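A.B. asks: Chains as they are written, first to last, in the deposited numbering: chain LT, 10 to 149; chain Lw, 112 to 166; chain Lr, 57 to 107, 119 to 222; chain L6, 9 to 102; chain Lq, 2 to 108; chain LO, 10 to 50; chain LU, 138 to 204; chain Ly, 32 to 128; chain LV, 47 to 212.
This structure is in structure tokens; I'll ask about it shortly.
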Amino acid sequence: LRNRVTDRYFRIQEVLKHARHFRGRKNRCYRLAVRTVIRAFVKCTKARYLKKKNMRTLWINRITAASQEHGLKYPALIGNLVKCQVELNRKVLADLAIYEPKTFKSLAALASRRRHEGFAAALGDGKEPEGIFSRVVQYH
Amino acid sequence: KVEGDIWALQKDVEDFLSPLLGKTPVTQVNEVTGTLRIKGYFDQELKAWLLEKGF
Amino acid sequence: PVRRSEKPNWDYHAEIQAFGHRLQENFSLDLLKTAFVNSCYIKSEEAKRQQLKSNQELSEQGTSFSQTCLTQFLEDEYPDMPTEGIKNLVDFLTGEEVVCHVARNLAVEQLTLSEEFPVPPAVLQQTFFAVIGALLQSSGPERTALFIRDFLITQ
Amino acid sequence: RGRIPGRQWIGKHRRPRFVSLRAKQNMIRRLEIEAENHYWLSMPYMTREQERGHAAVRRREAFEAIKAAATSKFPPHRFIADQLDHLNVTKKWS
Amino acid sequence: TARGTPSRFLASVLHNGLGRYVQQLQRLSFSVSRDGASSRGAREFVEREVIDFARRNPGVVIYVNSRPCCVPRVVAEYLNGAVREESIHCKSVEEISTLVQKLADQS
Amino acid sequence: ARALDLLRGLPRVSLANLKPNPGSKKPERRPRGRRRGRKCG
Amino acid sequence: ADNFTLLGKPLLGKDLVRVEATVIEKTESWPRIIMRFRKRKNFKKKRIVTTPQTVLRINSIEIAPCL
Amino acid sequence: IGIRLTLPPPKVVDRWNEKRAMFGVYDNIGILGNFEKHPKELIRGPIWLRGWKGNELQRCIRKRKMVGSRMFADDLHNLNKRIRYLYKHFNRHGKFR
Amino acid sequence: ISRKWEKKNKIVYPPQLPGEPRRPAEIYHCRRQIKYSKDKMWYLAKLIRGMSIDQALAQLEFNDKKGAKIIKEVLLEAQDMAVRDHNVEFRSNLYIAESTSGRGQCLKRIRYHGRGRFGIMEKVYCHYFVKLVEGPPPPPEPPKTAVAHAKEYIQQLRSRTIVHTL
RNA sequence: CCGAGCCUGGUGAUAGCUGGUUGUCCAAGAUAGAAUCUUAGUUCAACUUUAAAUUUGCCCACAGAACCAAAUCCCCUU
Ligand SMILES: [Mg+2]
Ligand SMILES: [Mg+2]
Ligand SMILES: [Mg+2]
Ligand SMILES: [Mg+2]
Ligand SMILES: [Mg+2]
Ligand SMILES: [Mg+2]
Ligand SMILES: [Mg+2]
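Next up, the structure:
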């Protein structure tokens with residue numbers, strides 16, 4: 010019976026230390042544990058994607074809340090900030106909505122003004138002056 | 112059965128076989144076994160060349 | 057728990073020099089050693105001999132300078148704060164909790180020669196202000212005020 | 009109450025699907041892109057006779073480079089330095 | 002896995018870098034063997050790189066202990082009472098230098 | 010030769026620092042692990 | 138700040154504002170697990186990574202009169 | 032729990048025994064002794080395994096042919112069965128034909 | 047097998063400083079290899095967990111279980127050794143800190159079934175452990191009040207933080 | 001457990017059939033067909049893999065492929 014395995018313990022414990030916080034026989038029985046530690050890790054890998062998506066959705070929801078607080082709608086806010094050429098992302102928009110309410114009100118006012126300027130240009134349809142905040146800074 | 116600067120041997124073989132090929136001959140130099148390999152059959156020319164060099 | 061001095065890898069002089077250099081301060085070595093020597097250690101070693120200079124001057128100088136310098140910083144930053152508020156802020160900054168926290172994370176406990184381990188908070192506070200006093204004697208009021216700013220306003 | 013026989017999206021009886029406005033708009037957008045593609049392919053610069061041989065040199069040379077690599081495949085060199093370097097695995101202080 | 006491991010918040014040791022930066026590495030202990038083939042890279046690091054590292058980091062005390070051992074090791078003591086023995090067993094001198102620099106840059 | 014000078018410089022040859030010529034010892038393939046187990050080819 | 142804020146389009150002029158920061162730590166992340174599994178096909182891979190990281194302390198934000 | 036709870040007794044080995052200190056001696060007797068002897072006859076072991084490698088089936092056939100006569104009855108029967116089985120396996124089973 | 051209880055009885059403490067609490071006495075006792083099921087003995091021990099010595103003795107004396115009689119004997123001899131050897135002052139000044147049952151060394155016997163079938167019977171044995179602590183029984187934990195419930199709810203509401211932001 | 005008792009041996013019987021086949025990591029990798037007591041298999045071919053040698057390989061311009069639709073074959077340029 011030469012060449013037997015002598016560190017099977019250490020292999021079992023390598024799996025069990027990650028199995029330790031589960032519920033039921035799968036916290037100590039190697040067969041049951043290893044069939045679930047694999048399923049845990051595979052989720053730790055997909056949950057990265059899901060975490061990114063959920064954080065973005067949370068930002069959008071908070072931004073919509075603040076925008077509706079100022080009487081504006083989220084598409085209007087985002088689109089008109091882009092048109093005004095401020096490239097703050099949704100994360101910092103939510104951060105400003107929560108922690109910097111006056112700055113967020115200023116941003117909402119700017120977006121509302123840009124929307125009104127867009128409406129004015131659309132109705133005019135001619136060659137009236139473009140609008141103060143509708144001006145585009147060009148780079149070369 | 113090469114002793115000494117087998118890299119010198121490689122240079123000599125390259126610049127002697129280049130006119131006969133156009134391109135530089137593809138070679139492998141082994142220093143452990145003091146040997147030099149050339150891709151292609153050049154046994155007669157190399158034997159005559161080494162005779163004329165004196166070996 | 058046992059003191060780092062009793063733990064195996066240790067060299068007191070090297071530790072002192074590294075303390076000074078990592079704090080970026082040109083301490084004087086004898087002054088730093090006397091600022092780490094306390095009276096409890098002196099009495100305990102005298103008893104052990106039965107079977119030199121303490122902290123007091125350096126500690127008092129460092130304490131007085133810390134009071135004065137923190138008071139000046141605080142009343143120049145907040146000129147509308149009254150004497151009671153300024154004194155309470157100064158006492159909080161030179162208080163036991165803050166000073167022992169800072170000394171422990173600056174590895175003053177490891178170099179502290181005392182009688183008991185862990186070092187009593189009063190002993191730690193006294194040794195910390197003795198280090199301040201040694202720095203004041205070594206580098207000058209401006210540099211040691213920079214030190215005080217850096218390690219107490221940050222608190 | 010309402011079940012589709014067999015599988016929904018295969019077979020003789022299928023669950024009906026209907027065209028949405030945004031799907032129609034998506035198809036129309038792609039239609040416009042490819043109509044512009046039709047135009048920009050509809051104006052050619054040269055003719056076949058004018059282009060008959062304008063790249064032969066470059067194409068030939070590229071193939072020669074490919075051939076040169078595929079023929080230069082060969083084993084690498086071997087070194088006294090490496091073989092005697094393996095002796096350091098017992099390089100002790102003293 | 003997060004749920005099966007601890008967690009903490011981003012922090013510094015003592016508001017580090019507000020007034021000045023203080024290097025948080027305090028002591029490096031090198032256990033190295035004179036005759037062990039596992040300690041070849043450590044021996045070469047002690048030969049060529051340890052002195053320049055010591056000069057570049059006057060705030061770190063480096064103890065080097067040459068004793069018979071099968072696994073050379075490094076103990077990293079930081080200002081906040083940390084400790085990091087890392088195995089330098091069968092590592093090249095560049096790898097050991099990289100590890101030591103990473104320890105110096107760690108908090 | 011230069012090789013023998015390198016030997017003079019280098020540590021002593023013993024039974025502890027011997028190596029096969031690279032390429033002479035093709036590794037054995039045995040049916041264990043994910044890639045080579047299961048149906049074992 | 139309180140009572141006013143300045144908006145770049147999209148970036149504010151460097152003559153107008155400075156951010157001063159300090160590199161204070163260079164570290165590694167905690168080990169991250171990448172496990173892939175496909176069932177009934179014997180598909181299973183595990184990898185452990187440690188992304189490098191840099192801790193920066195924002196020291197100062199300064200503005201200058203330039204509007 | 033299949034692991035010892037205590038360290039095993041030390042395994043001291045004397046690297047400088049007679050046998051170790053003189054291992055390898057006279058293995059060049061052929062080329063240093065005018066080829067009067069051979070390492071193959073330096074080998075000591077079973078009479079059917081001196082200077083001959085073989086696989087298992089070849090070893091079994093060789094042993095039966097050389098010492099099959101003065102062999103115990105049950106061992107000889109086992110050897111015959113072994114040879115029969117090995118013949119079948121090597122000549123009819125495997126992946127490569 | 048393991049028999050650590052009987053040495054827990056033999057731990058010795060250093061002398062006590064004249065200004066610290068009296069360190070109530072601890073006495074360990076156990077009966078090994080009792081012909082009785084560990085589950086049922088557990089029921090009896092959980093019954094007498096945390097009682098006074100006399101209260102446990104009364105309840106056991108009027109319970110209807112072989113285990114009850116055995117545990118009563120063990121408690122009586124534990125009280126005897128307590129105030130005979132561990133310097134307990136008053137034989138009533140003791141309460142049951144711990145009371146558990148452990149599996150013992152059993153035996154296998156065949157159980158002839160029908161056809162040609164058989165079953166393996168177990169001659170079940172069990173252990174009983176008990177720890178007696180000097181002092182009156184600790185007061186039972188009072189039930190939670192609505193004041194406590196409201197306080198905890200308010201602590202949670204005030205411990206809320208804004209998640210996933212600065 | 002007699003459509004032919006039981007035990008030992010030949011016997012590790014044989015099984016194109018079912019079941020199983022144990023460390024880590026990377027890479028290439030998907031099925032025209034023909035015979036066959038053969039269609040639950042196998043041999044050749046096809047496809048796939050590796051290592052070597054060499055030079056053209058895919059897409060295709062026009063012109064060119066029979067009398068009694070979509071397309072394809074061929075094919076220089078590119
Ligand atoms: Mg997205
Ligand atoms: Mg259905
Ligand atoms: Mg499997
Ligand atoms: Mg079979
Ligand atoms: Mg692939
Ligand atoms: Mg057939
Ligand atoms: Mg078949």
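All C-beta atoms, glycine included, are put in the ideal place defined by N, C-alpha and C.
Does DSSP put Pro-189 (chain LU) in a helix, in a strand, or in coil?
C.D. replies: Strand, per DSSP.
A.B. asks: Are the stretch 132-149 of chain LV and the stretch 96-115 of chain LV touching, with three or more C-beta to C-beta distances below 8 Å?
C.D. replies: Segments in contact, yes.
A.B. asks: Output the distance between the C-alpha atoms of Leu-63 (chain Ly) and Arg-75 (chain Ly), rounded to the nearest integer angstrom.
C.D. replies: Their Cα atoms are separated by approximately 21 Å.
A.B. asks: Output, in chain order, the set of chain LU residues within a Cβ distance shorter than 9 Å of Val-146 (chain LT).
C.D. replies: The answer, in chain order, is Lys-146 and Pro-147.
A.B. asks: Could you list the residues in the stretch 153-177 of chain LU with a C-beta less than 9 Å from some C-beta on chain LT, going in chain order?
C.D. replies: Cβ contacts with chain LT come from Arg-169, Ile-170, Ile-171, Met-172, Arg-173 and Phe-174.
A.B. asks: For the beta strand (DSSP E) containing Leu-140 (chain LV), list its first residue and its last residue.
C.D. replies: Where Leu-140 (chain LV) is concerned, the enclosing beta strand (DSSP E) stretches over 140-149.
A.B. asks: With a cut-off of 8 Å on the beta carbons, I'd call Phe-31 (chain Lq) and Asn-66 (chain Lq) a contact; round off their distance for me.
C.D. replies: Their Cβ separation, rounded to whole angstroms, is 7 Å, which keeps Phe-31 (chain Lq) and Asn-66 (chain Lq) in contact under 8 Å.
A.B. asks: I believe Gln-121 (chain Lw) touches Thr-146 (chain Lw) by the beta-carbon criterion, under 8 Å. Please report the beta-carbon distance rounded to the nearest angstrom.
C.D. replies: Going by Cβ atoms, the distance from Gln-121 (chain Lw) to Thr-146 (chain Lw) rounds to 11 Å, so no, they are not a contact pair.
A.B. asks: Taking the DSSP output, what are the residues bridged to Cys-76 (chain LV)?
C.D. replies: Paired residues: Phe-175 (chain LV).
A.B. asks: Against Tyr-22 (chain Lq), what residues of chain LU qualify as contacts under a CB-to-CB distance less than 8 Å, listed in chain order?
C.D. replies: Ordered by position in chain LU, the residues that pass the 8 Å Cβ test against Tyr-22 (chain Lq) are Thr-159 and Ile-161.
A.B. asks: Give the residues of chain LT in contact with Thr-207 (chain LV), contact being defined as C-beta atoms less than 7 Å apart.
C.D. replies: Neighbours of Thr-207 (chain LV) on chain LT: none; closest Cβ ~12 Å, over 7 Å.
A.B. asks: Please report the distance separating the alpha-carbon of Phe-164 (chain LV) from that of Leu-153 (chain LV).
C.D. replies: Rounded to whole angstroms, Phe-164 (chain LV) to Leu-153 (chain LV) spans 16 Å at the Cα level.
A.B. asks: Mind the definition here: the stretch 14-33 of chain LO touches the stretch 85-95 of chain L6 only if three or more C-beta pairs lie below 8 Å; say whether that holds.
C.D. replies: Touching, yes.
A.B. asks: Can you list the beta strand (DSSP E) stretches of 3 or more residues lying completely in the stretch 74-142 of chain LT, in chain order?
C.D. replies: Whole beta strand (DSSP E) segments, 3+ residues: zero.
A.B. asks: Could you give the DSSP three-state label for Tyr-148 (chain LT): helix, strand or coil?
C.D. replies: Coil at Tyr-148 (chain LT), not helix or strand.
A.B. asks: Would you please state the rounded distance, in angstroms, between the beta carbons of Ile-199 (chain Lr) and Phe-140 (chain Lr)? I believe it to be under 8 Å.
C.D. replies: Actually they do not touch by this definition, with Cβ atoms about 14 Å apart.
A.B. asks: My assumption, with CB atoms under 8 Å, is that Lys-182 (chain LU) sits in contact with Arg-173 (chain LU). Please give the rounded CB distance.
C.D. replies: Indeed they touch by this definition, with Cβ atoms about 5 Å apart.
A.B. asks: Please indicate yes or no: does the CB of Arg-30 (chain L6) lie closer than 8 Å to some heavy atom of ligand 2?
C.D. replies: Result no, Cβ not under 8 Å from ligand 2.
A.B. asks: Strictly below 9 Å CB to CB, what residues from chain LT border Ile-34 (chain Ly)?
C.D. replies: Ordered by position in chain LT, the residues that pass the 9 Å Cβ test against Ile-34 (chain Ly) are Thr-15, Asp-16, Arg-17, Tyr-18 and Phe-19.
A.B. asks: Which parts of the stretch 102-139 of chain LV are runs of the alpha helix (DSSP H), unbroken and 4 residues or longer, counting only runs that do not cross its ends?
C.D. replies: Counting only runs of 4 or more, we get 112-131.
A.B. asks: Tell me, please, whether the stretch 5-15 of chain Lq touches the stretch 28-40 of chain LO by the rule of three or more beta-carbon pairs shorter than 8 Å.
C.D. replies: Contact fails: fewer than three Cβ-Cβ distances are below 8 Å.
A.B. asks: Mind pulling the chain LT residues with CB within less than 7 Å of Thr-142 (chain LU)?
C.D. replies: Chain LT residues near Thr-142 (chain LU): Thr-112 and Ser-115.
A.B. asks: Nearer than 8 Å: is that true of the beta carbon of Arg-20 (chain LT) relative to any heavy atom of ligand 3?
C.D. replies: No, the Cβ of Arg-20 (chain LT) stays beyond 8 Å of every heavy atom of ligand 3.
A.B. asks: Quick one: which residues of the stretch 76-97 of chain Lq get their C-beta closer than 9 Å to a C-beta of chain Lr? List them in chain order.
C.D. replies: Residues passing the 9 Å Cβ filter: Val-76, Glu-78, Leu-80, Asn-81 and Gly-82.
A.B. asks: What residue from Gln-128 (chain Lr), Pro-146 (chain Lr) and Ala-74 (chain Lr) has the CA that sits closest to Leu-29 (chain Lq)'s CA?
C.D. replies: Among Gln-128 (chain Lr), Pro-146 (chain Lr) and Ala-74 (chain Lr), the Cα nearest to that of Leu-29 (chain Lq) belongs to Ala-74 (chain Lr).
A.B. asks: Give the secondary structure of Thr-146 (chain Lw) by DSSP, where H, G and I count as helix, E and B as strand, and everything else as coil.
C.D. replies: Three-state DSSP puts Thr-146 (chain Lw) in a strand.
A.B. asks: Output the distance between the C-alpha atoms of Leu-73 (chain Ly) and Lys-84 (chain Ly), rounded to the nearest integer angstrom.
C.D. replies: If I take the Cα positions, the gap works out to 15 Å.
A.B. asks: Candidates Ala-120 (chain LT), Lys-52 (chain LT), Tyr-39 (chain LT) and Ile-21 (chain LT): which alpha carbon is nearest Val-91 (chain LT)'s?
C.D. replies: Per the Cα distances, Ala-120 (chain LT).
A.B. asks: Kindly confirm or deny that the stretch 76-88 of chain Lr and the stretch 151-167 of chain Lr touch, where touching means at least three C-beta pairs closer than 8 Å.
C.D. replies: No, they do not touch.
A.B. asks: Using 8 Å for Cβ pairs, my map puts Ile-149 (chain Lw) next to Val-124 (chain Lw). What's the rounded Cβ distance?
C.D. replies: Yes, they are in contact, since the Cβ atoms of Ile-149 (chain Lw) and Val-124 (chain Lw) sit about 7 Å apart, within 8 Å.
A.B. asks: Using only the alpha-carbon positions, how far apart do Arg-169 (chain LU) and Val-186 (chain LU) sit?
C.D. replies: Going from the Cα of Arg-169 (chain LU) to the Cα of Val-186 (chain LU) covers about 5 Å.
A.B. asks: Who are the neighbours of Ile-107 (chain LT) on chain LV, taking C-beta pairs under 9 Å?
C.D. replies: Under the 9 Å cutoff, chain LV gives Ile-208, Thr-211 and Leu-212.
A.B. asks: Mapping DSSP to helix, strand and coil, what is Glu-157 (chain LU)?
C.D. replies: Here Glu-157 (chain LU) sits in strand by DSSP.
A.B. asks: Check each candidate in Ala-201 (chain LU), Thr-191 (chain LU) and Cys-203 (chain LU) and name the one with the smallest Cα separation from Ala-158 (chain LU).
C.D. replies: Nearest of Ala-201 (chain LU), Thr-191 (chain LU) and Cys-203 (chain LU) to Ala-158 (chain LU), Cα basis: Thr-191 (chain LU).
A.B. asks: According to the Cβ coordinates, are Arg-41 (chain Lq) and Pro-69 (chain Lq) closer than 9 Å?
C.D. replies: In this structure, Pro-69 (chain Lq) does not lie closer than 9 Å to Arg-41 (chain Lq) by Cβ.
A.B. asks: Of the choices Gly-151 (chain Lw), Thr-144 (chain Lw), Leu-161 (chain Lw) and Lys-164 (chain Lw), whose alpha-carbon is the least far from that of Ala-12 (chain LO)?
C.D. replies: The shortest Cα separation from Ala-12 (chain LO) among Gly-151 (chain Lw), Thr-144 (chain Lw), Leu-161 (chain Lw) and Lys-164 (chain Lw) belongs to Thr-144 (chain Lw).
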